[PDB]
Amino acid sequence: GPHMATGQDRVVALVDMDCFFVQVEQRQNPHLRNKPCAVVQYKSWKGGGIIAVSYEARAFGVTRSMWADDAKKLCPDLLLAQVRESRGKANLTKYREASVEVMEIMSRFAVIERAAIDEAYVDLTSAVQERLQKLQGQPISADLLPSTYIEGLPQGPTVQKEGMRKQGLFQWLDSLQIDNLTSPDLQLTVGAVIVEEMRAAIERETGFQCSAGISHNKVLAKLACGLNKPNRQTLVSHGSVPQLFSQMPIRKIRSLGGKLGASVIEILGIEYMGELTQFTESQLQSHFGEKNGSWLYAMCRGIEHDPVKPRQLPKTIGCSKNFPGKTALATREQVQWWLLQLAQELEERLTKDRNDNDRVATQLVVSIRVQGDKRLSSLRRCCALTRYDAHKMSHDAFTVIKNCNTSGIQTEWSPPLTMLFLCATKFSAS
DNA sequence: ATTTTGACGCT
Ligand SMILES: [Ca+2]
Ligand SMILES: [Mg+2]
Ligand SMILES: [Mg+2]
């Protein structure tokens with residue numbers, strides 16, 4: 001009752017660039033705009049692996065992870081842009097730099113947590129308070145929310161998508177109590193106004209469109225963001241949670257898409273997030289551990305406390321390459337040459353990072369996979385990263401991994417290596 | 001033969 005927390009203390013948004021690598025390539029090459037197109041890495045093996053797909057091409061069934069040759073079977077007019085290749089490997093610099101463009105714009109509005117190359121959480125609580133004080137009891141016009149969906153509306157006593165969107169927004173705004181500045185629904189609504197402004201600024205200043213979710217925590221904001229894509233934003237209120245979760249597969253909630261969510265489904269014999277409400281906190285802790293159990297107990301009620309962390313920059317800078325099938329590295333010279341390629345890309349990115357961001361990495365992590373091992377990484381070792389020098393870093397990585405070679409032959413490497421991975425970590429201010 | 005990333009939890 002009067003003491004039960006409701007998780008309505010913050011306004012949190014999640015902003016997600018639509019088909020991001022595709023938009024970067026479409027901005028650069030106008031011939032690709034408004035066409036079925038995809039971004040592909042490499043080209044020799046089956047036309048290359050697709051890593052991003054425009055919504056026009058998704059309509060044909062083209063997906064990420066698909067080989068371009070197969071996608072062309074679904075979509076014969078599919079246009080393709082290739083990721084740059086440098087030093088023998090795919091090089092993602094263009095997309096990292098485009099990401100910085102967008103994150104710097106978002107940071108003008110509020111504190112952001114970089115969640116991936118194309119998405120960030122936004123803590124809007126303070127910005128909403130200030131905007132509410134500026135408004136001075138003035139109602140919020142639908143014109144301030146031209147791309148916003150209110151999840152769960154319209155309801156109760158038009159057959160077009162935009163007409164439905166507007167009907168629901170009208171019902172929401174008609175019900176709103178705009179004179180209580182502490183009202184969580186009003187706070188979410190002002191948050192959505194700010195996110196419309198943020199998304200307009202991103203599009204004006206970069207050309208890139210994005211979607212967004214606005215709710216009271218990160219998990220609900222992330223879920224909301226996916227409800228109406230592309231180029232739209234969705235407000236998920238606390239009150240919408242019971243209906244939304246009542247048919248929501250557990251795997252759709254962030255962190256439950258893998259083994260833990262599978263165990264929740266199997267052990268409890270349920271399918272939907274809302275079904276979790278029927279268990280006590282102790283029951284859930286008994287099955288899934290103290291932390292996970294408490295988290296699930298709160299989350300199925302719409303409540304999550306994970307903070308938006310103030311972190312706009314990645315914590316690690318890494319470079320990796322797979323060597324599948326017959327290309328697995330089987331000689332020492334091969335291993336050393338590719339460690340050098342990876343180390344040279346790493347040195348370039350690290351020097352740029354030091355100049356831009358006033359920090360230096362202090363640890364070098366070396367990871368390899370051996371042929372036959374099902375795990376993505378077979379071995380991980382660390383060593384000191386004391387100089388931004390590619391020859392030193394590659395020599396050090398070889399030193400820490402050279403004892404993995406079973407081969408009694410000096411020149412040969414066995415078992416063959418199917419993956420090399422160098423990662424700079426443990427940054428310190430510089 | 002997806003590939004190339006990135007963050008965080010466990011012990
Ligand atoms: Ca995206
Ligand atoms: Mg995606
Ligand atoms: Mg994303």
Side-chain angles (χ1 to χ4, degrees), chain A residues 14 16 20-21 24 38-53 62-71 80 82-100 103 112-121 218-219 222 254-260 263 288-296 304 306-329 338 341-342 345-346 349-350 353 361 363 365-369 371-372 374 376-377 380 416-427:
Chain A
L14 183 275
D16 195 324
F20 183 48
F21 289 14
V24 177
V39 171
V40 290
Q41 49 191 1
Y42 310 113
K43 211 83 179 62
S44 306
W45 185 265
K46 295 181 177 182
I50 293 177
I51 60 174
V53 185
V62 182
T63 61
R64 179 170 298 117
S65 93
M66 195 166 269
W67 297 115
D69 286 351
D70 297 337
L80 301 177
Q82 288 182 78
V83 173
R84 171 189 179 196
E85 278 177 57
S86 301
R87 292 182 245 266
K89 62 178 297 291
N91 184 304
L92 307 172
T93 299
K94 185 195 305 185
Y95 316 109
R96 291 193 185 100
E97 294 176 351
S99 178
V100 169
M103 304 286 166
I112 79 170
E113 176 183 343
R114 184 197 195 270
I117 192 160
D118 85 312
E119 50 174 88
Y121 295 94
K218 293 165 71 174
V219 164
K222 169 68 162 177
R254 195 199 79 204
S255 83
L256 301 181
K259 288 180 180 184
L260 169 63
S263 67
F288 312 110
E290 186 183 315
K291 189 172 169 178
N292 287 339
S294 285
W295 182 84
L296 291 162
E304 211 224 2
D306 184 34
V308 176
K309 293 162 187 58
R311 183 193 66 242
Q312 189 178 345
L313 303 175
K315 298 182 166 187
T316 55
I317 293 179
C319 312
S320 74
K321 184 162 180 51
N322 289 355
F323 304 93
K326 87 160 273 162
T327 75
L329 311 185
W338 280 110
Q341 303 318 294
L342 288 178
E345 180 184 327
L346 190 56
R349 288 165 57 190
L350 279 174
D353 182 74
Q363 192 175 66
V365 176
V366 190
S367 183
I368 68 179
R369 192 179 48 186
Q371 200 163 46
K374 182 182 179 301
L376 280 65
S377 166
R380 207 212 74 161
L417 300 186
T418 55
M419 180 274 294
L420 297 177
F421 184 18
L422 296 180
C423 191
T425 70
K426 300 203 183 309
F427 287 91

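Throughout, a chain's letter reflects where its sequence line sits, starting with A, and its residues are numbered from 1.
Residues meeting the side-chain contact (heavy atoms from CB on, under 4.5 Å) test with A:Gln371, sequence neighbours left out: A:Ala328, A:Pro416, A:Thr418. Here A:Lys321 pairs with nothing under the salt bridge (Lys or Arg N to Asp or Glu O under 4.0 Å) rule; sequence neighbours left out. With sequence neighbours excluded, no residue forms a salt bridge (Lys or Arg N to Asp or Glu O under 4.0 Å) with A:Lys426. The salt bridge (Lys or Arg N to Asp or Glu O under 4.0 Å) test applied to A:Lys94 returns A:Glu25, not counting sequence neighbours. The ring-ring contact (aromatic ring centres under 6.0 Å, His included) search around A:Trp295 returns none, not counting sequence neighbours.
Atom CH2 in A:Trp45 sits about 10 Å away from atom P in B:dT3, given to the nearest Å. As rounded to whole Å, 15 Å separates atom P of B:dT3 from atom CE of A:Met66.
Within the 4.0 angstrom heavy-atom criterion, base atoms lie near A:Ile50.
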Report task. Between protein and nucleotides 4-11 of chain B, map the contacts as a letter string: B base, S sugar-phosphate only, - none, heavy atoms under 4.0 Å, written 5' to 3'. Result -> SSSSSS--

